[PDB]
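Worksheet: one structure, shown below.
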Amino acid sequence: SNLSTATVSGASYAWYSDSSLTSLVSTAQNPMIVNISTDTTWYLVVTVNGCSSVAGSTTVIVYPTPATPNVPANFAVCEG
Amino acid sequence: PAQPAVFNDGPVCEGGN
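Protein sequence lines correspond, in order, to chains B and A. Its first residue numbered 3588, the first sequence is counted upward by one per residue in the authors' numbering. Its first residue numbered 3571, the second sequence is counted upward by one per residue in the authors' numbering.
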């Protein structure tokens, strides 16, 4: 999925993997998150002219797993 | 001025890029 945030003049974008903001995942206004298997939250700190704001965030929600198909029981057929 | 961050675009398959 592709996240999208505000473009701010003078800004530096820091994306983090956790609300603790100790480890980076990316640096972009529109980063891609890949191989998503669980709901995942990214946090964003925008620093403008040296001023770092409160991180914003959003959670990418993973669609439910589709149901297993209904097929017939083991069968047997006679040749021909 | 500062050490840059460098990011990969994911795992690469052997012989790829």
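In this text, a Cβ means the ideal position worked out from N, Cα and C, and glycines have one as well.
Rounded to whole angstroms, how far is the Cβ of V3612 (chain B) from the Cβ of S3624 (chain B), which I believe are closer than 8 Å? Actually they do not touch by this definition, with Cβ atoms about 16 Å apart.
What is the rounded straight-line gap between the Cα of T3614 (chain B) and the Cα of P3651 (chain B)? 30 Å
Thinking C-alpha only, which one of B:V3621, B:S3607, B:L3590 is nearest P3581 (chain A)? B:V3621
Please return the same chain residues whose Cβ sits closer than 7 Å to the Cβ of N3617 (chain B), not counting the five positions on each side in sequence. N3589, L3590, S3591
Pull out every residue of the region 3611-3634 of chain B whose Cβ sits closer than 7 Å to any Cβ of chain A, in chain order. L3611, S3613, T3614, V3621
Report, in whole angstroms, the separation of the C-beta atoms of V3632 (chain B) and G3597 (chain B), which I expect to be a contact under 8 Å. That pair is no contact at about 14 Å.
Anything in chain B within Cβ reach of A3575 (chain A), meaning under 8 Å, just list it in chain order. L3611, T3614
Compare the C-beta of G3580 (chain A) against all C-beta atoms of chain B and say whether one is closer than 9 Å. yes
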